[PDB]
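Letter by letter, the chains look like this.
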There are 2 protein chains.
Amino acid sequence: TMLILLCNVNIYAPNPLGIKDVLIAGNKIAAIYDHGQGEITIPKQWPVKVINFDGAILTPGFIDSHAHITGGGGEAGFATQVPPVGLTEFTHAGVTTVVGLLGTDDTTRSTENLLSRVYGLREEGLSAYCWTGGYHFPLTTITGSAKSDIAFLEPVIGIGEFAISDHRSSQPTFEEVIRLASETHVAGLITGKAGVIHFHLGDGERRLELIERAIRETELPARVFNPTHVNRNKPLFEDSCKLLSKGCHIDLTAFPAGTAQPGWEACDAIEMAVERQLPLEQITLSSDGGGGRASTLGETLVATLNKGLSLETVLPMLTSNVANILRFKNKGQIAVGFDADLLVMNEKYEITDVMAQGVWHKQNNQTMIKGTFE
Amino acid sequence: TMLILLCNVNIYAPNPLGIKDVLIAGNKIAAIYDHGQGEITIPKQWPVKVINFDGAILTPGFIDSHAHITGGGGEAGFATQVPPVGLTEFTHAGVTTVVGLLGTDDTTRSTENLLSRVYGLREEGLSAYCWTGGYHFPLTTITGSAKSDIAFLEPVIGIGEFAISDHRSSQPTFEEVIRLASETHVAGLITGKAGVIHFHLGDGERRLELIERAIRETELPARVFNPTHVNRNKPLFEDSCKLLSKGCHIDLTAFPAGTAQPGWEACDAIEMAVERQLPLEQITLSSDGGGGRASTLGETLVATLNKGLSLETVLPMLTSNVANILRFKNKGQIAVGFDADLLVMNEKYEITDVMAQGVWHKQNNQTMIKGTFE
Ligand SMILES: [Zn+2]
Ligand SMILES: [Zn+2]
Ligand SMILES: [Zn+2]
Ligand SMILES: [Zn+2]
């Protein structure tokens, strides 16, 4: 039914509001107000469903800016192509918005594949967007240019994951990179969309040089440049922390626990950023799912809380911080007028309930909706 | 506010429902129920606006399937290119959904212009779609084929307005036409969209021969072939009425009252269809606005009600019959779950209030929203 009243929820918006009741109307958050119960009169003719959550934590849904929705892989032979990621692999991990991309294999996979799968996820109830262009130069696009792709394909928000400082990159020049950045930036103005270039970083010692030079030498705003994997090695993390001062958002990768290799686990990188007093609103977390599994997002969250960080310190990294850089004006907050994408968590931060666009995909820890072929 | 309660409305859905109360929740119709005498208590914390209409007629918004949103013209020199049609030219005529197209001038105007303007009108709060391809062959498209424009550009729903039996046509062959129809039909299957070819008819004596042949000789469903301007001359209208038996929707043009003269005024054609016991669900009316003004849709409606036809007979031709052929599953009806696209009319059938996606564009005879540059 179309109106859902969520009573007695302890809201992290991500900022803590305390105990509230929330009215959902269709796919939107319509009201948030101090908790009552028996003293409210609901008209009998209105289709309202009332759920009492007994003070459970409610958070916005996670926005995963980096997922290989078509499947990634292929770097160890053709048998290593990962199949497309099922709906429930996102929704059950608390992901209510996904941004898809191609990675190393933009030779056998196409943007048509990517965008098709965005529409398919949208048809199944998930919010979904994608990055055009891919990993290599020349770019992989539908229309022949990034500029035209971002302008005319509504779900295309920018260029990604474009590779720098990696043995698998195209060895892009400074001139190539700043031209791509101009394209996405301008397309963002034309469209109101993110207008960012999301960079895959490898383990090359040149690290962020290209981005540092772009911001120092050119007029392109620093927010256009969005490096990911920045916790993959320690010198790179250190340089990424410095780049915050310029105004970039940086994206950590939620590596499977015990896998962060010679870099930092994401929970440790976040602990470091907190201690250092870095601008936390500029830091985000993504899964690399399909490339990775989206459940590492919540695992990283719980590992952080386990260190003694507060939910409101870390939760923006999965929600409002992502929506700010990606210009998703209606996502990432539990606030009136925003989309009804929300999670309920129990006291050990397991996600028990998942709502996407006002529809339950998981409720009382049970699957309500699964993908067509799951 | 995000909930609006429309009280004491006489609903034509288009089917007559009698007097009701209607709850709008964001952009959707959430409840429709019997108008009682006692005012109901609405919880004070919920942002609900209540509005009383004293029994006024409420209808779905008009869906205009044929408008030159960029402007048309150009057929008498370059100074005849019409400027883009303002937002209010649609809303104030009761048009809450428009489908744009290019016409004779697909040489100086592009699908990029068209689709840009679709997104513009959506940003201003109109629902808007477009036809790709245009008038001539080879087609005008963004991606270089209709099939790929329909598959990957969300707002693109089919091919139009493709000219047959007209001195300005490309003199298309049967093989050309059926291949186009194949493209749009399959793209409709892939996407769920209309998957139709909307044909501009001229005054050529060959009339609908190419369509008739396609239906007779091939497996293409009749609903694929959607001729417009079928009232423009009398023999064409006679042939278009026969095409209803094959299962095609046919589209009448709401010519300005002075002016249909070799053919039939749209109100006279509608009256003939009713009298002749034709399948009225298969007949639509569009404005050719920009090409033409959307206010002729209302004018036609009023002219047919003055002949003594009923509002429930004619109103589907502006609303549900259009939604049916174009596969707009959430438009065209005042029913729970459909989009909150609604008109209120006075007893002279003048449009006093216009709601698009739950937002008022006209209220009590006053403009509430205008276009950016109107
Ligand atoms: Zn990567
Ligand atoms: Zn990746
Ligand atoms: Zn025409
Ligand atoms: Zn026209």
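Conventions used here
- Residues numbered from 1 in each chain as written, not as in the entry; some residues may be left out.
- Chains lettered and ligands numbered in written order.
- Heavy atoms only, no water.
- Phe/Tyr/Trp six-rings, centres within 6.5 Å; stacked < 30°, edge-to-face > 60°.
- Buried < 20%, exposed > 50% of the residue type's maximum accessible area, 1.4 Å probe, protein only.
- Helix = DSSP H or I, 4+ residues; strand = E, 2+ residues; numbered from the N terminus.
- Pairing = 2+ DSSP bridges.
- Right-handed = clockwise from strand over helix to strand, strands pointing away.
- Contact = heavy atoms within 4.5 Å.
- Buried area = accessible area lost by both parts, 1.4 Å probe.
- Salt bridge = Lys/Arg side-chain N within 4 Å of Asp/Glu carboxyl O.
- UniProt positions renumbered as here; feature names shortened; annotations may be inferred.
- Arc of directions from axis to C-beta.
- Polar contact = N/O pair within 3.5 Å; in protein donor to acceptor, adjacent residues only side chain to side chain.
- Donors = N, O, S within 2.8 Å, 3.2 Å for Na, K, Ca; no water.
- Tetrahedral: all angles 85-135°; square planar, octahedral: opposite > 155°, others 65-115°.
- Patch = residues over 30% accessible without salt bridge, like charges linked within 9 Å, V, L, I, M, F, W, Y side chains within 5 Å.
- Areas by Shrake-Rupley, 256 points an atom, 1.4 Å probe, with all protein chains shown as cover.
- Domains from an automatic or database assignment.
- Nonpolar A, V, L, I, M, F, W, Y, C, P; charged D, E, K, R; others polar.

Examining the packing of aromatic side chains
Now for step 1: For the coordinates displayed, the defined rule picks out 9 aromatic pairs over all chains.
Now for step 2: Centre to centre, the rings of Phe53(B) and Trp360(B) are 6.3 Å apart; their planes meet at 45°, and the pair counts as tilted.
Now for step 3: Under the relative-accessibility criterion, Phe53(B) is labelled buried at 11%.
Now for step 4: A relative accessible area of 12% means that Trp360(B) is categorised as buried.
Now for step 5: Both rings, one in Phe162(B) and one in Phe199(B), keep their centres 6.4 Å apart while their planes meet at 70°; by these two values the pair is edge-to-face. With a gap of 37 residues between them, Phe162(B) in strand β9 (residues 156–164) and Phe199(B) in strand β10 (residues 196–201) connect regions that are remote in the sequence. Here the two residues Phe162(B) and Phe199(B) agree in accessibility, since each one is buried.
Now for step 6: Every member of this aromatic cluster is reached through a ring pair, and the members are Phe162(A), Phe199(A) and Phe225(A).

Notes on the pairing of strand β13 (residues 283–286) of chain B
Residue and element names in this part refer to chain B.
Now for step 1: Burial along β13 is two-sided: the face carrying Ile 283 and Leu 285 and the face carrying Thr 284 and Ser 286 are both buried.
Now for step 2: As defined by bridge partners, strand β12 (residues 250–253) adjoins β13 across 4 bridges and the pair is classed as parallel. Counted as the bridge partner of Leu 252 is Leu 285 from β13.
Now for step 3: Handedness of the crossover is the feature at issue here: the chain leaves β12, passes through helix α7 (residues 266–275), returns alongside β13, and the resulting connection is right-handed.

Here's the deal with the interface of chain B and chain A
Now for step 1: Listed per partner, the contact involves 30 residues of chain B and 30 residues of chain A.
Now for step 2: Together, the buried faces of chain B and chain A total about 2400 Å²; carbon and sulfur atoms form 77% of this surface.
Now for step 3: At the boundary of chain B with chain A, the tally comes to 0 salt bridges.
Now for step 4: Elements represented by at least two residues in the side of chain B that touches chain A include exactly β1 (3–12), β2 (16–25), β3 (28–34), α2 (111–123) and α3 (146–152) of chain B.

Quick word on the UniProt feature "binding site: Zn(2+) 1" (unreviewed entry) in chain A
Residue and element names in this part refer to chain A.
Now for step 1: Under the feature "binding site: Zn(2+) 1" (unreviewed entry), the UniProt entry names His 66, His 68, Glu 161 and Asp 288. A compact arrangement is adopted by the annotated residues: their sequence extent is 223 residues, whereas the largest C-alpha distance between any two is 10.6 Å.
Now for step 2: Among the structural elements, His 66 can be located in strand β5 (residues 62–67).
Now for step 3: Among the residues examined, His 66 registers a relative accessible area of 0% and is labelled buried.
Now for step 4: Along the chain, the position of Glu 161 falls in strand β8 (residues 156–164).
Now for step 5: Relative accessible area serves as the criterion here: at 3%, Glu 161 is assigned to the buried category.
Now for step 6: Discounting chain neighbours no more than four positions away, the residues touching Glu 161 are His 66, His 68, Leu 101, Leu 102, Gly 103, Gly 134, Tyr 135, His 198, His 200 and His 229.

Some thoughts on the sheet that holds strand β14 (residues 351–356) of chain A
Residues and elements named next belong to chain A.
Now for step 1: What the 8 strands build is an open sheet, ordered β3-β2-β1-β4-β13-β14-β15-β16; its pairing is mixed. This sheet does not close on itself; its edge strands, each paired only once, are β3 (28–34) and β16 (366–367).
Now for step 2: Across 4 bridges, the pairing between strand β13 (residues 342–345) and β14 is antiparallel. Note on β14: the bridge partner recorded for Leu 343 is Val 354.

Looking at helix α6 (residues 234–243) of chain A
Residues lying three or four places apart along an α-helix face the same way, a consequence of the helix completing one turn every 3.6 residues.
Residue and element names in this part refer to chain A.
Now for step 1: Within the sequence span of α6, burial applies to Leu 236, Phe 237, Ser 240, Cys 241 and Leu 243. Projected onto a plane normal to the axis of α6, the buried residues spread over an arc of 160° and lie on a single side.
Now for step 2: Elements that come into contact with the buried residues of α6 comprise β9 (196–201), α5 (209–217), β10 (225–228), β11 (250–253) and α7 (266–275).
Now for step 3: If you check the start of α6, you find a side-chain oxygen 2.9 Å away from the backbone N of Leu 236, and it comes from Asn 233.

Topic: the coordination of the zinc ion (ligand 4)
Now for step 1: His66(B) (NE2), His68(B) (NE2), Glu161(B) (OE) and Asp288(B) (OD) make up the full set of protein donors to the zinc ion (ligand 4), lying at 2.2 to 2.4 Å.
Now for step 2: Classification of the site at the zinc ion (ligand 4) as irregular follows from its 4 donor atoms and the range of 82 to 168° in their angles at the metal.

Some remarks on helix α6 (residues 234–243) of chain B
Now for step 1: Buried within α6(B) we find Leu236(B), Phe237(B), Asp239(B), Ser240(B), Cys241(B) and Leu243(B).
Now for step 2: Of the surrounding secondary structure, the elements contacted by the buried residues of α6(B) are β10, α5 (209–217), β11 (225–228), β12 and α7 of chain B.

A few points about a nonpolar patch on the surface
Now for step 1: There is a patch of nonpolar side chains on the surface, built from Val186(A), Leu189(A) and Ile190(A) and spanning about 270 Å² of accessible area.
Now for step 2: Judged by relative accessible area, which is 53%, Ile190(A) ranks as exposed.

Re the coordination of the zinc ion (ligand 2)
Residue and element names in this part refer to chain A.
Now for step 1: At 2.2 to 2.3 Å from the zinc ion (ligand 2) lie its protein donor atoms, namely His 66 (NE2), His 68 (NE2), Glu 161 (OE) and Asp 288 (OD).
Now for step 2: Taken together, the 4 donor atoms coordinating the zinc ion (ligand 2) and their angles of 82 to 174° define a geometry best described as irregular.
Now for step 3: In this model, the zinc ion (ligand 2) sits 3.4 Å from the zinc ion (ligand 1), the two metals being bridged by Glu 161. Within this pair, whereas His 66 is found in strand β5, its partner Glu 161 is found in strand β8, the two being separated by 95 residues in sequence.

Re the domain arrangement of chain A
Residue and element names in this part refer to chain A.
Now for step 1: For chain A, the assigned domains are domain 1 (1–61 + 329–374) and domain 2 (62–328).
Now for step 2: Taken over C-alpha atoms, the centre of domain 1 sits 28 Å from the centre of domain 2.
Now for step 3: The interface is formed by 30 residues belonging to domain 1 together with 29 residues belonging to domain 2.
Now for step 4: Between domain 1 and domain 2, a total of about 2300 Å² is buried, with carbon and sulfur atoms accounting for 66% of that surface.
Now for step 5: Here domain 1 and domain 2 share 0 salt bridges between them.
Now for step 6: Linking domain 1 with domain 2 are 12 residue pairs in polar contact.
Now for step 7: At the level of elements, β4 (48–60), β13, β14 and β15 (359–363) are the ones that each hand at least two residues to the side of domain 1 that touches domain 2.
Now for step 8: Per element, the largest residue contribution to the side of domain 1 that touches domain 2 is 4 residues, and it comes from β14.
Now for step 9: In terms of residue class, the side of domain 1 that touches domain 2 is built from 13 nonpolar, 10 polar and 7 charged.

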